[PDB]
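**Q** Let's see this in three dimensions:
(9 chains)
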Amino acid sequence: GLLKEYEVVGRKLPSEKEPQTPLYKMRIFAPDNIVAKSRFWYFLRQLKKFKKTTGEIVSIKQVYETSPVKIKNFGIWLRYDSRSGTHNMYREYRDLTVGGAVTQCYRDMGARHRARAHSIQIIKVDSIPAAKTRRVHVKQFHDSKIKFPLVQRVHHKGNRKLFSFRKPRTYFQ
Amino acid sequence: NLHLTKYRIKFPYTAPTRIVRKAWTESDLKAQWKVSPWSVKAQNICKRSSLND
Amino acid sequence: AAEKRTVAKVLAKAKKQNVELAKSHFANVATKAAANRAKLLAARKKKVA
Amino acid sequence: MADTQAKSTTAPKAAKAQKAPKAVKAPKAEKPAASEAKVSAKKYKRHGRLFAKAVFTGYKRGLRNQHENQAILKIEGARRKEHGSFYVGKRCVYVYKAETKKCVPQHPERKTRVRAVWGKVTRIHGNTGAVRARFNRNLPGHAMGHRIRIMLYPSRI
Amino acid sequence: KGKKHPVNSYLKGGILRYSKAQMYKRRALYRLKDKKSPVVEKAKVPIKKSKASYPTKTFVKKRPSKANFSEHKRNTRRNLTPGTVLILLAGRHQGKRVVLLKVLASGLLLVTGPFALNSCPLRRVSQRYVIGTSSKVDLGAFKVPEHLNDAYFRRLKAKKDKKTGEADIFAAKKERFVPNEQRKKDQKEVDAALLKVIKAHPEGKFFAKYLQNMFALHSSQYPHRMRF
Amino acid sequence: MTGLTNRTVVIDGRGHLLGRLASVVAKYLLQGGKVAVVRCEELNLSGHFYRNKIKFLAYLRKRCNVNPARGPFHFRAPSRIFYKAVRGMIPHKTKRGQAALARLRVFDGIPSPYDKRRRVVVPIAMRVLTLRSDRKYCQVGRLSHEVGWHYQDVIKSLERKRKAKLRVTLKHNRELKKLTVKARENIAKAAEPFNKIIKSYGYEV
Amino acid sequence: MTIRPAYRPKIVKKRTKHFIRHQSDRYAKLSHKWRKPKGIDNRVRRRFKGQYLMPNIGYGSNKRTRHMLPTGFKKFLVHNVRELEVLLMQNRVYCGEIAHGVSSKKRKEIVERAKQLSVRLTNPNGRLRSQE
RNA sequence: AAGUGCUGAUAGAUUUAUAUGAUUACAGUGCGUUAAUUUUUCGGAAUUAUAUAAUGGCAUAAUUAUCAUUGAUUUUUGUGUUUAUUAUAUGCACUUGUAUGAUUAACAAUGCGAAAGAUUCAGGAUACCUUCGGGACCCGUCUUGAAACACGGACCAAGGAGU
RNA sequence: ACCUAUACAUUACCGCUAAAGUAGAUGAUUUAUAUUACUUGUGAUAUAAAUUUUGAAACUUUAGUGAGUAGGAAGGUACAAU
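**A** Numbers count the residues shown, from 1 in each chain, chains lettered A, B, ... in the order given. The protein structure is shown below:
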């Protein structure tokens, strides 16, 4: 999908020896509503006793990050399992939206390390301003004025004629 | 998806839209683009495309 | 109720070009003036109880 | 922002012009106050003057099973699925010849050297503008690669 | 009385007159005319309407059972207005450019050539066999001489032989195509009045000598997805 | 001529990739096609030369052992390196897919009328739309020479023959357009002449 | 001249082709008239693809139009004249074929008598024989 | 979520409902109070009281029962209130009207079962030949498993085995 | 996006399986009309025409449903005699 962002809150349903059990919350990136509510329990079966049903999911909501046209560079903290090899990482991407730079992580982490997305865990995601971004492929996209004449298209192959007539001479200068 | 033309225009890179809008009219793009030397050759889109019967 | 909406939105063209209103859309709204009498009877005939 | 499309794209019916839901231009013109109205670039094949050309190019096959009820065509210019969605419902015909006449000129003068199997295009097939057509009988498959004539009649506009 | 109120067809699920018999009714003094005619009566004085033994009987012959009646419902015509220049897709005039004049109660299209111009009479074509171009030809004060009815112009007829009843025949009769002498008076009426119109147009693509050539299209253009 | 398009579609093989031009042509030839691919010594193969050396040198050791004459006949032209492809992509064991290679004539060194007839480019199979920077390619020109094609310099001299008289037929035509642009002057006062075409073109005046 | 019956139906058919008995192409001993194979490794009994097709009740024709001839009628073998008097008022569902046993002598009467009761005989011009 | 407002196409359409049981209940059209209001003036058009429990709305009483309890949610309602909404108060005739009896029928064209004589339109892998496409191993048997590098079988007619 | 099964679905047809209905026809039922009791109104009577068997081992209605060796049961079918 594209990994929207949620804030999912727990309960430990309130049995009589203790009413009002203490309401923990998470920050979950999942493609959909209901899979966000089951990451929550996989990440509750490590920190609190608390399973379903011994617990509840009190109000979650999908959140809609704050500035969708600022050009912030995210820095995510990560934990992932290899073939033999559960490892911490720390990765950085440039994106307008937070859930766009967690899904930027997955398709990159999954390619570069083979990393199937059930063995990746997000352990922090924050915007990191500048002059803290390490990660050389970010901090070359910093310096205004950035000239960069990569004459770029997809250059749609080829066009509406299969047997075209015109020999498309890319450069056009 | 986007192809490039011969027209730079000056802003800061942190510009809000209102001052791009200020700059977009000030360097007078609107009149010199509809005479750009193959922006006439755009206008088979307005004349040779579907060119009714 | 959707009928009166398209009645109201074609009268948005009477903001724009103000054309007619000859036998087509004022006649759609002229009946309201005769429907005013329902409220004009409401001041004289609904005061019976 | 996208509120305009409940206004701007109704202007086609004041470009009809009938009952004018939006009298705005989007005039498709060269005016610098006009860079709108969304022309999809491009495809320009006629071969549709009348009898739009098309081959017959196989049955509605699976891999290893054939379903000769339905033909698969290949229209002369059509290249994506909005193109071959035009021809659906048109009485396609496959025309060929035979040695016999065996018959008179009964209605307007008939020589009978030419055989036609009439059909009707039914639906779209490809993701790129091929098309299926159920015929009257069933297309003998040495007709694969031979031309059938998609008609232009019965025509929506 | 009054209050028709049948608002059926732009909704398309309402009528709205169950709201009428509320207070509108007199609910009393019910007197009505109440025809009670026994006139369908076999009062064979000399009348003899049994009916008599033509048969009244069990002569045995069997044919189907009876035919539930579609009547002339609505006819959708897509938007062709008189007189839009047409292109014809069948019927001895295929490819000729013609001008419509009238859309009739049979849901068809009256079409003139002009027969003077295009050799096409006031024949009658469906909306299925025709391709309506973009814009109009102005016909603001044309009379459209309404005795040109659809019902007015069958082939009249094949009386199975010459109205005498039970008669003889040789093959190859010509009883269907004069063409009608009155029709030649209606043809010279329109093609007089149409030709004063159609030369006064701005000669665009289809106004003056501009009908007269045989549709088969050309480069850089369409059957697929045109602004046609 | 006249056909489903013409009775030919002439394709230059220059600068195209060998197997993407094959599966375009073997699909189009089953549509009822008639192509005629020329300059087959110029088809580019991907990978460098000692990749495709080894692969053509492995396809020739596949010969029958009982009797080698029956075994795979390994044709060594460039135009038969390519015709071998368009048989892997065609049902050649059927009477349908044997008439589909009998529309295919394939030439190497552009002869005899396919030198005046307009020949077209298949941009889906061009090299410089497909293959990256840094990536070496080959040509089937040198592959067939290094596997025994005895006519490489035959056709290179025949190319320079028809390259040489192309300059004679362009200098017939370069000045002839220069006559047209002078012939275009005398017609600007024809009657009302050019106005009806220029009001829909005008971008070429 | 006989009117086809009782305002005829449209006789439509699952297979026209008749079922033709495994390996009868291969052997001259085997008649083409169907046998169900019983034998174990048999791909026709097992209903493999592109082998042929067996009978079953699923190909059974419409119960209205079952045994109806091309003419909408149903047969009735007539063997002498006073069997035609059975078809005096069944001449509107049934039709007669004169048997093969019935000779040329009597057939001339059966044909003439069945012209009066308007039945549609399905083989007149049998034993004509414009001869002795 | 609402029909919101539709526009396009596709395939299909049982029925001898008496060849031993509604074609009728529905609704829809065409005649017989009223009065002003309006509009076009050629229609239409609108209007109240006409009888509801009134259901929704408001106020209030009242009580059942509760997330949490300032409260909210009700529950039984009841009254008052006006704001709306809905249904009932269309018989007598008469239609080629719509529905419903596994909801296909109106319009035309083409063609004459034609005295014997004889064409038109559809169909016919009947049992083959011609042309293509797709599928497609040889049966019987024993066997866990047979196309088997398992056994029998060259072919054909007669005979031939649960009494 | 799209292609693809003997699966899913809606329809026609074949069988199966399970239910359900019909037999006073010197009766039932229409359409009219004469008369009528009249209850305003609807029935009952006379006339004229009309429809109304089925190997009830039949006919009509409705729904689901269909793999099969070895194997068992039903219904047909070929041969020849009394």
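**Q** Every contact and neighbour count from this point should use C-alpha atoms.
**A** Will do.
**Q** Can you pull up the residues of chain G that come close to RNA strand H?
**A** The interface of chain G toward RNA strand H, taken as CA under 7 Å from any atom of the strand, is made up of G:1-3, G:6, G:9, G:16-20, G:23, G:27-29, G:37-43, G:49-51, G:64, G:92-93.
**Q** Please apply the same query to chain D.
**A** Contact residues, chain D versus RNA strand H (CA under 7 Å from any atom of the strand): D:58-59, D:63-66, D:68, D:88-89, D:102-104, D:106-107, D:120-123, D:134, D:136-137, D:140-144, D:155-156.
**Q** Please produce a PyMOL select command covering the buried subset of the residues you listed.
**A** The command below creates a PyMOL selection of those among the residues of chain D next to RNA strand H that count as buried (16 or more other CA atoms under 10 Å in any protein chain shown):
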select buried, chain D and resi 58+59+68+88+89+120+121+122+123+134+143+144+155+156
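**Q** Could you list which of the residues of chain D next to RNA strand H belong to strands?
**A** Secondary structure from DSSP state E places D:58, D:59, D:120, D:121, D:122, D:123, D:134 of the residues of chain D next to RNA strand H in strands.
**Q** Residue A:6 belongs to a strand?
**A** Yes: according to DSSP: H, G, I helix; E, B strand; the rest coil, residue A:6 belongs to a strand.
**Q** Tell me how many other residues crowd it.
**A** 22 (other CA atoms under 10 Å in any protein chain shown).
**Q** now do the one 4 residues further on
**A** Around residue A:10 sit 21 other residues, with neighbours defined as other CA under 10 Å.
**Q** do the same with residue A:58
**A** Neighbourhood size, residue A:58 [other CA under 10 Å]: 13.
**Q** Out of the ones in strands among the residues of chain D next to RNA strand H, which comes closest to RNA strand H?
**A** Relative to RNA strand H, the closest of these is residue D:122; by CA to the nearest atom of the strand it sits at 4.5 Å.
**Q** need the contact list for the nearest residue to that closest one once chain neighbours are set aside.
**A** Using CA to CA, 6 or more residues apart in numbering or on different chains and skipping residues adjacent in sequence, the residue nearest residue D:122 is residue D:133, 5.2 Å away. Neighbouring residues of residue D:133 by CA atoms under 8 Å, 6 or more residues apart in numbering or on different chains: D:70, D:71, D:72, D:73, D:92, D:119, D:120, D:121, D:122, D:123.
**Q** which residues touch the nearest residue to the first one once chain neighbours are set aside?
**A** Right, residue D:70. Using CA to CA, 6+ apart and skipping the chain neighbours, the partner closest in space to residue D:70 is residue D:134 (4.8 Å). By CA under 8 Å, 6+ apart, residue D:134 lies in contact with D:69, D:70, D:71, D:119, D:120, D:121, D:122.
**Q** Could you provide those in a markdown table, with additional columns for distance to residue E:89?
**A** Rendered in a markdown table, the data for these read as follows (distance: CA to CA, whole Å):
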| residue | distance to residue E:89 |
| --- | --- |
| D:69 | 28 |
| D:70 | 26 |
| D:71 | 25 |
| D:119 | 17 |
| D:120 | 16 |
| D:121 | 17 |
| D:122 | 20 |
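**Q** related to what we said a few turns ago, which of the residues of chain G next to RNA strand H are buried?
**A** Of these, these count as buried by 16+ other CA under 10 Å: G:20, G:92, G:93.
**Q** how close does the first one sit to chain B?
**A** Pointing back at residue G:20 there. Counting by CA to the nearest CA, to the nearest Å, the separation of residue G:20 from chain B is 61 Å.
**Q** Tell me which helix or strand comes right after the longest helix along chain B.
**A** Secondary structure of chain B read by DSSP state H shows that its longest helix is helix B:17-26. Downstream of helix B:17-26, the next assigned helix or strand under DSSP states H and E is helix B:29-33.
**Q** Outside of the longest helix of chain B itself, which residues are in contact with it?
**A** The set of residues external to helix B:17-26 that reach it, using CA under 8 Å, 6+ apart, is B:9, B:10, B:11.
**Q** Repeat the analysis, applying 10 Å as the threshold.
**A** For helix B:17-26, contacts defined as CA atoms under 10 Å, 6 or more residues apart in numbering or on different chains pick out B:9, B:10, B:11, B:12, B:15, B:29, B:30, B:31.
**Q** In three-state terms, label the fifth one for me.
**A** To tie it back to what came earlier, the one meant is residue B:15. Once three-state DSSP is applied, residue B:15 turns out coil.
**Q** same question, the third one
**A** Following three-state DSSP, residue B:11 is assigned to coil.
**Q** With adjacent residues omitted, what lies nearest to it?
**A** Nearest one to residue B:11, counting by CA to CA, 6+ apart, is residue B:20 at 6.8 Å.
**Q** how near is the residue nearest the centre of chain E to RNA strand I?
**A** In chain E, the residue lying closest to the centroid (CA atoms, centre = their mean) is residue E:106, at 2.6 Å. Between residue E:106 and RNA strand I the computed distance is 31 Å (CA to the nearest atom of the strand, to the nearest Å).
**Q** Was I right to think that residue contacts residue E:152?
**A** No: Residue E:106 lies out of contact with residue E:152 (CA atoms under 10 Å); the separation is 11.6 Å.
**Q** which residues of chain A fall in helices?
**A** A:33-42, A:103-112.
**Q** Take the ones you listed and lay them out in JSON lines including mean neighbour count and distance to residue E:141.
**A** Converted to JSON lines, these look like this (neighbours: other CA atoms under 10 Å in any protein chain shown; distance: least, CA to CA, whole Å):
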{"stretch": "helix A:33-42", "mean neighbour count": "16", "distance to residue E:141": "66"}
{"stretch": "helix A:103-112", "mean neighbour count": "15", "distance to residue E:141": "68"}
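**Q** max-length helix in chain F?
**A** As assigned by DSSP H, the longest helix anywhere in chain F is helix F:166-183.
**Q** Now do it: everything it contacts.
**A** Contacts of helix F:166-183 (CA under 10 Å, 6+ apart): F:115, F:116, F:160, F:162, F:165, F:184.
**Q** which ones are touching the closest residue to residue D:19 other than its chain neighbours?
**A** If you skip the residues right next to it in sequence, residue D:19 has residue D:13 as its closest partner in space, 7.2 Å away by CA to CA, 6+ apart. Residues in contact with residue D:13 (CA under 10 Å, 6+ apart) are D:19, D:20, D:21, D:22, D:23.
**Q** which one of these is nearest residue F:134?
**A** Comparing these against residue F:134 with CA to CA places residue D:22 closest, at 55.5 Å.
**Q** and the residue nearest to the closest one when sequence neighbours are not counted, how many neighbours?
**A** Of all residues not flanking residue D:22 in the chain, residue D:11 sits nearest, at 4.6 Å (CA to CA, 6+ apart). Residue D:11 sits with 21 neighbouring residues when counted by other CA under 10 Å.
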